[PDB]
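Before any comments, here is the structure.
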Amino acid sequence: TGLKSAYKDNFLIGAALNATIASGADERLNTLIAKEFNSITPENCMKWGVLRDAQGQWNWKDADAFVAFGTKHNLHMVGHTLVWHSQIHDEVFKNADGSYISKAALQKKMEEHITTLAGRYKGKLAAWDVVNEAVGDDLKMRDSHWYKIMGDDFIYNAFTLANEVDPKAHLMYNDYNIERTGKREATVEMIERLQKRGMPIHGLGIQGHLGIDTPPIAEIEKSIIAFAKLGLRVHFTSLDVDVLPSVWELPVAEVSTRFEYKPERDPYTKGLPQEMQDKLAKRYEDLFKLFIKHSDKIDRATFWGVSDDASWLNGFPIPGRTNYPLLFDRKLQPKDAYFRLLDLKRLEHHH
Ligand SMILES: OC[C@@H]1O[C@@H](O[C@@H]2[C@@H](O)[C@H](O[C@@H]3CO[C@H](O)[C@H](O)[C@H]3O)OC[C@H]2O[C@@H]2OC[C@@H](O)[C@H](O)[C@H]2O)[C@H](O)[C@H]1O
Ligand SMILES: O[C@@H]1[C@@H](O)[C@H](O[C@@H]2CO[C@@H](O[C@@H]3CO[C@@H](O)[C@H](O)[C@H]3O)[C@H](O)[C@H]2O)OC[C@H]1O
Ligand SMILES: [Cl-]
Ligand SMILES: [Cl-]
Ligand SMILES: [Mg+2]
């Protein structure tokens, strides 16, 4: 059978679904998703600035479709995400003149947002990304409007509110690059401190936006172990493997231009060659070997998309590239990596 069956005794296997897919109009994808995945996450439709306009008005069309899709197919559903600094209108935080609103005014908005959104889907969504990406790239607290206005109460209060609204939801903190030394430990320290304040938190989401080479398995392993030691269930939430030339480590002269499209940074428009398919398969295999090793600590592995045509890495960090980050190709056919994942389980040795 599919991935979700192969990995049944280890963890959920999930995918992020965009609004087009979650409409249910695509029979081929409906069939594939039901076969392969037993968890889903909305790619965009539950983000504050997508669900609501700049006047705070709500439009539930896509979010409801997503929840209808998971309900129809009996899929575990992860809400994404209550409190985050991206894809959210500056009007939440600022007067029209640019000045920040008071902490009290912003608290009131958070209360309304969480009570409404988590309330609507209480008991239907099994888990929530309550707060996303609160630690900055510099290892200090991210300098977002949330944080500048509220301090660490923005996190504490978000979890407390979500827990009041749906006491049964598995509440998670989610972030990228927490696979790495530095940001790992900064995140451990932040969560530790909030836990002793009594903040309700059940899970820890490692995004798993990986490169074809970096980070190494050993780093990811340290993170699984460290976050499990906080008494939290570990989830891999946004898995993909970027196979295209990197702009993350370029010379200072290129710091601004590196996000511009250049042909040499987009070398596989005609297809991903077999030798790279091999490397991608081995990279995914390595990763899932690790996950199997620590299956006792891990509740879920969700991929940030189903097939390569829909991946956000086609447009990020450079617009209009042809990337190949996921398990299914642009014709929805399984890639070599998929078969390696299946055989790790098919051929597993037990007594
Ligand atoms: O490029 C087309 C757009 O890409 C897709 O949507 C993007 C999401 O995948 C991405 O999700 C984040 C990935 O990183 C973390 O894991 C984080 O937790 C996720 O939430 O967010 C950005 C989305 O792109 C925006 O989509 C709306 C557009 O108007 C913006 O310009 C984009 O930046 C999706 O296929 C499509 O929207
Ligand atoms: O909007 C968010 C993105 O900004 C975020 O981008 C991540 C930024 O860091 C990238 O990791 C680098 C890979 O290359 C190494 O050499 C560097 O040291 C790493 O920092 C990561 O791949 C990007 O995804 O992703 C999440 C979005 O929400
Ligand atoms: Cl979407
Ligand atoms: Cl090639
Ligand atoms: Mg249900």
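Here, A, B, ... name the chains of the structure tokens in the order displayed, residue numbers run from 1 inside each chain, and ligands are numbered from 1 in the same displayed order.
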
Write as a PyMOL selection string the residues around ligand 5, taking 9 Å as the cut-off and counting only C-alpha atoms and all ligand atoms. chain A and resi 67+70-72+74-77+123-126

Contacts between ligand 4 and chain A, please, where a residue of chain A counts if it comes within 8 Å (with only C-alpha atoms and all ligand atoms); show its shortest atom pair and distance in Å to one decimal, rows by chain and ascending number, as a Markdown table.
```
| residue | atom | partner | partner_atom_place_in_ligand_line | distance |
| --- | --- | --- | --- | --- |
| A:267 | CA | ligand 4 | 1 (Cl) | 6.8 |
| A:268 | CA | ligand 4 | 1 (Cl) | 5.6 |
| A:270 | CA | ligand 4 | 1 (Cl) | 7.3 |
| A:271 | CA | ligand 4 | 1 (Cl) | 6.7 |
| A:272 | CA | ligand 4 | 1 (Cl) | 6.0 |
| A:273 | CA | ligand 4 | 1 (Cl) | 4.9 |
```

Select the residues contacting ligand 2 at a distance of at most 7 Å, based on only C-alpha atoms and all ligand atoms, then format the selection as a ChimeraX atom specification. /A:176-177,209-211,214,246,248-249

Got a sec to tell me which of segment 50-280 of chain A DSSP assigns to strand (DSSP E or B), as a ChimeraX atom specification? /A:52,58,76-83,94,100,127-132,135,141,170-175,203-206,209-211,233-242

Polymer residues at most 10 Å from residue 113 of chain A, only C-alpha atoms, same-chain spacing of 2 or more positions, as a PyMOL selection string: chain A and resi 48+52+56+82-83+107-111+115-119+158+161

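Near ligand 1, the residues found within 6 Å are residues 43, 207, 238, 310, 311, 312 and 315 of chain A (criterion computed using only C-alpha atoms and all ligand atoms).
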
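The contact shell of ligand 3, defined as all polymer residues within 12 Å when only C-alpha atoms and all ligand atoms are used, comprises residues 16, 17, 18, 19, 20, 21, 22, 23, 41, 42, 43, 44, 45, 46, 47, 50, 51, 61, 62, 63, 65, 66, 80, 87, 304, 305, 310, 311 and 312 of chain A.
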
Just how far from atom CA of residue 175 of chain A is atom CA of residue 281 of chain A, in Å to one decimal?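 Straight-line distance from atom CA of residue 281 of chain A to atom CA of residue 175 of chain A works out to 24.7 Å.
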
With only C-alpha atoms as the counted atoms, please give the residues lying no more than 12 Å from residue 11 of chain A, apart from itself and same-chain residues fewer than 5 positions off, as a list in words. residues 3, 4, 5, 6, 37, 38, 39, 76, 233, 234, 235, 236, 288, 291, 292, 293, 294, 295, 296, 297, 298, 299, 300, 301 and 302 of chain A

Write out as a PyMOL selection string all residues of segment 26-248 of chain A that DSSP puts in alpha helix (DSSP H) for this structure's backbone. chain A and resi 27-36+48-51+61-72+103-120+145-150+153-165+183-196+217-228

For the selection you just gave me, I'd like the residues written to a file as a PDB file, in the first residue's frame, keeping C-alpha atoms.
```pdb
ATOM      1  CA  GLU A  27      -9.857  13.027  -8.712  1.00  0.00           C
ATOM      2  CA  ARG A  28      -6.293  11.850  -9.405  1.00  0.00           C
ATOM      3  CA  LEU A  29      -4.974  13.723  -6.396  1.00  0.00           C
ATOM      4  CA  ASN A  30      -7.927  12.666  -4.245  1.00  0.00           C
ATOM      5  CA  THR A  31      -7.021   9.081  -5.028  1.00  0.00           C
ATOM      6  CA  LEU A  32      -3.285   9.600  -4.421  1.00  0.00           C
ATOM      7  CA  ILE A  33      -3.742  11.531  -1.168  1.00  0.00           C
ATOM      8  CA  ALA A  34      -6.140   8.981   0.353  1.00  0.00           C
ATOM      9  CA  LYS A  35      -3.698   6.198  -0.572  1.00  0.00           C
ATOM     10  CA  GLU A  36      -0.523   7.867   0.658  1.00  0.00           C
ATOM     11  CA  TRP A  48      -4.330  35.329   9.257  1.00  0.00           C
ATOM     12  CA  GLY A  49      -3.736  37.565   6.216  1.00  0.00           C
ATOM     13  CA  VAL A  50      -5.190  34.969   3.795  1.00  0.00           C
ATOM     14  CA  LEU A  51      -8.301  34.060   5.798  1.00  0.00           C
ATOM     15  CA  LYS A  61     -14.474  29.392   1.705  1.00  0.00           C
ATOM     16  CA  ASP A  62     -11.064  27.725   1.452  1.00  0.00           C
ATOM     17  CA  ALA A  63     -10.544  26.929   5.138  1.00  0.00           C
ATOM     18  CA  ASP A  64     -13.912  25.200   5.298  1.00  0.00           C
ATOM     19  CA  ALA A  65     -13.138  23.296   2.068  1.00  0.00           C
ATOM     20  CA  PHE A  66      -9.888  22.074   3.619  1.00  0.00           C
ATOM     21  CA  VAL A  67     -11.636  20.828   6.739  1.00  0.00           C
ATOM     22  CA  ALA A  68     -14.374  19.243   4.631  1.00  0.00           C
ATOM     23  CA  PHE A  69     -11.661  17.408   2.645  1.00  0.00           C
ATOM     24  CA  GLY A  70      -9.948  16.033   5.751  1.00  0.00           C
ATOM     25  CA  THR A  71     -13.311  15.078   7.236  1.00  0.00           C
ATOM     26  CA  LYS A  72     -14.399  13.328   4.034  1.00  0.00           C
ATOM     27  CA  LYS A 103      -0.330  45.727  23.859  1.00  0.00           C
ATOM     28  CA  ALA A 104      -3.942  45.642  25.171  1.00  0.00           C
ATOM     29  CA  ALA A 105      -5.403  46.385  21.740  1.00  0.00           C
ATOM     30  CA  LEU A 106      -3.292  43.701  20.128  1.00  0.00           C
ATOM     31  CA  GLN A 107      -4.167  41.209  22.903  1.00  0.00           C
ATOM     32  CA  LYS A 108      -7.843  41.798  22.104  1.00  0.00           C
ATOM     33  CA  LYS A 109      -7.225  41.037  18.454  1.00  0.00           C
ATOM     34  CA  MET A 110      -5.351  37.832  19.316  1.00  0.00           C
ATOM     35  CA  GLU A 111      -8.200  36.746  21.614  1.00  0.00           C
ATOM     36  CA  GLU A 112     -10.776  37.294  18.841  1.00  0.00           C
ATOM     37  CA  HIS A 113      -8.636  35.587  16.217  1.00  0.00           C
ATOM     38  CA  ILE A 114      -7.865  32.475  18.208  1.00  0.00           C
ATOM     39  CA  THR A 115     -11.337  32.142  19.782  1.00  0.00           C
ATOM     40  CA  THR A 116     -12.920  32.402  16.344  1.00  0.00           C
ATOM     41  CA  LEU A 117     -10.503  30.288  14.303  1.00  0.00           C
ATOM     42  CA  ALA A 118      -9.637  27.557  16.789  1.00  0.00           C
ATOM     43  CA  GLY A 119     -13.253  27.639  17.965  1.00  0.00           C
ATOM     44  CA  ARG A 120     -14.717  27.036  14.534  1.00  0.00           C
ATOM     45  CA  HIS A 145       5.599  43.289  15.517  1.00  0.00           C
ATOM     46  CA  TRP A 146       4.105  40.562  17.738  1.00  0.00           C
ATOM     47  CA  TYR A 147       7.234  40.528  19.865  1.00  0.00           C
ATOM     48  CA  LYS A 148       7.978  44.253  19.798  1.00  0.00           C
ATOM     49  CA  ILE A 149       4.438  44.989  21.059  1.00  0.00           C
ATOM     50  CA  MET A 150       3.773  42.117  23.477  1.00  0.00           C
ATOM     51  CA  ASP A 153       3.482  37.094  26.252  1.00  0.00           C
ATOM     52  CA  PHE A 154       2.586  36.900  22.543  1.00  0.00           C
ATOM     53  CA  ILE A 155       3.611  33.229  22.702  1.00  0.00           C
ATOM     54  CA  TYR A 156       2.457  32.431  26.230  1.00  0.00           C
ATOM     55  CA  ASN A 157      -0.971  33.986  25.647  1.00  0.00           C
ATOM     56  CA  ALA A 158      -1.436  32.327  22.218  1.00  0.00           C
ATOM     57  CA  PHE A 159      -0.963  28.840  23.670  1.00  0.00           C
ATOM     58  CA  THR A 160      -3.088  29.616  26.724  1.00  0.00           C
ATOM     59  CA  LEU A 161      -5.928  30.886  24.506  1.00  0.00           C
ATOM     60  CA  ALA A 162      -5.730  27.974  22.061  1.00  0.00           C
ATOM     61  CA  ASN A 163      -5.797  25.558  25.010  1.00  0.00           C
ATOM     62  CA  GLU A 164      -8.921  27.269  26.433  1.00  0.00           C
ATOM     63  CA  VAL A 165     -10.689  27.212  23.082  1.00  0.00           C
ATOM     64  CA  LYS A 183      18.990  27.925  16.807  1.00  0.00           C
ATOM     65  CA  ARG A 184      18.290  24.497  18.306  1.00  0.00           C
ATOM     66  CA  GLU A 185      19.578  25.536  21.721  1.00  0.00           C
ATOM     67  CA  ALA A 186      17.988  29.007  21.587  1.00  0.00           C
ATOM     68  CA  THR A 187      14.640  27.303  20.952  1.00  0.00           C
ATOM     69  CA  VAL A 188      15.167  24.798  23.757  1.00  0.00           C
ATOM     70  CA  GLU A 189      15.867  27.670  26.153  1.00  0.00           C
ATOM     71  CA  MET A 190      12.796  29.651  25.102  1.00  0.00           C
ATOM     72  CA  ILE A 191      10.432  26.682  25.345  1.00  0.00           C
ATOM     73  CA  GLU A 192      11.947  25.568  28.657  1.00  0.00           C
ATOM     74  CA  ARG A 193      11.274  28.969  30.175  1.00  0.00           C
ATOM     75  CA  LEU A 194       7.685  29.088  28.881  1.00  0.00           C
ATOM     76  CA  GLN A 195       7.030  25.566  30.148  1.00  0.00           C
ATOM     77  CA  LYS A 196       8.002  26.504  33.701  1.00  0.00           C
ATOM     78  CA  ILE A 217      21.724  13.774   9.671  1.00  0.00           C
ATOM     79  CA  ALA A 218      23.798  14.171  12.853  1.00  0.00           C
ATOM     80  CA  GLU A 219      22.484  17.685  13.400  1.00  0.00           C
ATOM     81  CA  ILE A 220      18.867  16.700  12.809  1.00  0.00           C
ATOM     82  CA  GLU A 221      19.387  13.853  15.259  1.00  0.00           C
ATOM     83  CA  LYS A 222      20.598  16.198  18.016  1.00  0.00           C
ATOM     84  CA  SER A 223      17.419  18.223  17.549  1.00  0.00           C
ATOM     85  CA  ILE A 224      15.049  15.234  17.725  1.00  0.00           C
ATOM     86  CA  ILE A 225      16.727  14.169  20.973  1.00  0.00           C
ATOM     87  CA  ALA A 226      16.866  17.658  22.505  1.00  0.00           C
ATOM     88  CA  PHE A 227      13.244  18.538  21.819  1.00  0.00           C
ATOM     89  CA  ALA A 228      12.013  15.128  22.982  1.00  0.00           C
TER      90      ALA A 228
END
```

Length of the atom CA of residue 323 of chain A to atom CA of residue 40 of chain A vector [Å]: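 Atom CA of residue 40 of chain A lies at a distance of 22.0 Å from atom CA of residue 323 of chain A.
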
Skip segment 331-346 of chain A itself and residues of its chain fewer than 2 positions away, then list as a list in words all residues within 9 Å of it, counting only C-alpha atoms.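 In the requested format, the answer is residues 2, 3, 6, 7, 28, 29, 32, 277, 278, 279, 280, 281, 282, 283, 284, 285, 288, 289, 292, 306, 307, 308, 309, 326, 327, 328, 329, 348 and 349 of chain A.
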
Take atom CA of residue 203 of chain A and atom CA of residue 170 of chain A and report the distance between them in Å, one decimal.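 Spanning atom CA of residue 203 of chain A to atom CA of residue 170 of chain A is a straight-line distance of 6.7 Å.
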
Nearest-residue call for residue 91 of chain A, choices A:168, A:78, A:350, A:55, using only C-alpha atoms: A:55

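Nearest-residue note for residue 131 of chain A: choosing from A:182, A:205, A:98, A:263, the minimum distance belongs to A:205, counting only C-alpha atoms.
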
Counting only C-alpha atoms, which residue out of A:242, A:143, A:166, A:97 sits closest to residue 130 of chain A?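 Closest to residue 130 of chain A of all the choices is A:166.
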